[PDB]
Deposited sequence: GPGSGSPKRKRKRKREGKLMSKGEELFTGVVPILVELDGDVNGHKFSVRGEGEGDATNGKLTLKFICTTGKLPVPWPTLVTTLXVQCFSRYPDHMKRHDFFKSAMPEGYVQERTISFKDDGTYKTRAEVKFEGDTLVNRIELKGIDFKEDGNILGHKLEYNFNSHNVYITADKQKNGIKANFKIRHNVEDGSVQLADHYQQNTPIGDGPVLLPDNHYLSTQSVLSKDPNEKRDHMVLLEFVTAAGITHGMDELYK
């Protein structure tokens, strides 16, 4: 006898969930101005929410980046987090698609400046786009950020997600520890708010966390100021 495979495509907790079932092309556009130093970044690549894998290459189109690439990692698509089967009802990010969401952040670099960011994460055709505006203020010209004193890496840690039922959104407050070349640590305090763009129903989650692992690299044949970024993200913190 011969063997045959048949299987249902499955249950979907949201309509938007289905839009991340395969590999999805990503486009990232950033418009920066830190202490008056204007810059623009453009990233392209793909996201695979099935495995929680992002692969992107970011290029500074304005020339040399005034800030270190690791300070931009958090700003430069949480919809590509792998939500295990028992947690699919807690995926706000995919549920807000295709119309997308607004992501706002205040990043406070301890004893240095602050980044204010506003981004629109949504589908434009089959491409998931993250279009951002970042404004940086009160930075030390000889600090770890303007003086590029940070190592080219990004530490793996847990971001805790909480609901914002009154704003029909999501909130997250987490710290980032950037390694300084001398041996010290530069802390970056993240305060986040996500709100849907559309008027459709959204999946509001119970408290949980996102575990993320990042690898920063350089393309050998790339003469422009760039960053090749690899990420692995998984949702956890809610039991069966």
In deposited-sequence numbering, the unmodelled segments run 1-7, 84, 249-255
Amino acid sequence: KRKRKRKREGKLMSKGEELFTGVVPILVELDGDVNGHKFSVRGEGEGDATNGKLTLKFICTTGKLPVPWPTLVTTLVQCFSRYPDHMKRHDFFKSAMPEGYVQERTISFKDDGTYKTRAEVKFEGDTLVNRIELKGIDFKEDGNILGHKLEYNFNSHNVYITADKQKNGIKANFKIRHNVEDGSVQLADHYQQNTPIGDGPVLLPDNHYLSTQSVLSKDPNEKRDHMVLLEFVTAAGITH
From here on, numbers count along this sequence of modelled residues.
Report the stretch with the higher mean CA temperature factor, choosing between 205-213 and 22-30 on the basis of the entry. 205-213
The stretch whose C-alpha atoms carry the larger average B-factor in the entry, 105-113 or 124-132, is 105-113
Looking at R118, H148, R82, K94, which has the highest CA B-factor as recorded? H148
Among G43, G200, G47, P70, which residue carries the highest C-alpha B-factor recorded in the PDB entry? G200
By the entry's values, the third containing the CA B factor of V77 is the lowest
Check where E17 lands among this chain's C-alpha B-factors and tell me if it's the lowest, middle or highest third. lowest
Check where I59 lands among this chain's C-alpha B-factors and tell me if it's the lowest, middle or highest third. lowest
